[PDB]
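One structure is given below, encoded as structure tokens.
Throughout, read-outs are computed from the coordinates displayed, never taken from laboratory work. Virtual Cβ from ideal backbone geometry, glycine too; neighbours counted across all protein chains shown.
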Amino acid sequence: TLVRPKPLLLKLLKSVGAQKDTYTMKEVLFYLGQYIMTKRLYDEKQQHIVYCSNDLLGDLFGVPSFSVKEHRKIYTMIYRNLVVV
Ligand SMILES: CN1C(=O)[C@H](Cc2ccccc2)O[C@@H](c2ccc(Cl)cc2)[C@H]1c1ccc(Cl)cc1
């Protein structure tokens, strides 16, 4: 499943080295994750928790925080920022 990220997500992916306009979900998650890890949006004590308030990611996802353990929720928010090819 190749997807085409909407402007805002494309901007975040490319901010961590992404170069294409089209990607597989695994590549999206990889860059999305390198973005979180690079910025250190996660909590040191509760490392599965992400704080993205006032961030590009918070804008993207529409939430102030989320847990990486909630896969369906993460998939939902990501899907809202891409069109499936
Ligand atoms: C599946 N996956 C990844 O591919 C990347 C891996 C990565 C880490 C560092 C540098 C490059 C690539 O991120 C994973 C991950 C990110 C953040 C947290 Cl808090 C936990 C796992 C994890 C992940 C990516 C995105 C999201 Cl929203 C949740 C988890």
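Taking region 12-33 as the range and being within 12 Å of the chain's Cα centre (by Cα) and either more than 19 Å from residue 76 (Cα to Cα) or part of a strand (DSSP E or B) (or both) as the test, the residues that pass are 14, 15, 16. Of the residues making up region 59-85, those that are more than 17 Å from residue 26 (Cβ to Cβ) and either in contact with a strand residue (DSSP E or B) (Cβ under 6 Å, 6 or more places away or on another chain) or in contact (Cβ under 8 Å) with a residue 24 or more places away in the chain (or both) are 59, 60, 65, 66, 67, 83. Selection of region 1-25 for residues being of a type outside the set (A, V, I, L, M) and within 15 Å of residue 85 (Cα to Cα) yields 1, 4, 5, 6, 20, 21, 22, 23, 24. Looking across region 63-74, the residues that are within 9 Å of the ligand (Cβ to nearest atom), within 21 Å of residue 6 (Cβ to Cβ) and touching a helix residue (DSSP H, G or I) at 6+ places or on another chain (Cβ under 9 Å) come down to 66, 74.
For region 42-70, name all the residues that are over 20 Å from residue 82 (Cβ atoms) and of a type outside the set (S, T, N, Q). I'd like the intermediate steps shown before the answer.
So the first thing to find is which residues in region 42-70 are over 20 Å from residue 82 (Cβ atoms), and the list is 42-49, 51, 53-54, 64-65, 67, 69.
Scanning region 42-70 gives 42, 43, 44, 45, 48, 49, 51, 64, 69.
The single condition among (1) within 10 Å of the ligand (Cβ to nearest atom); (2) over 11 Å from the mean Cα position of the chain (by Cα) that residue 36 does not satisfy is (2).
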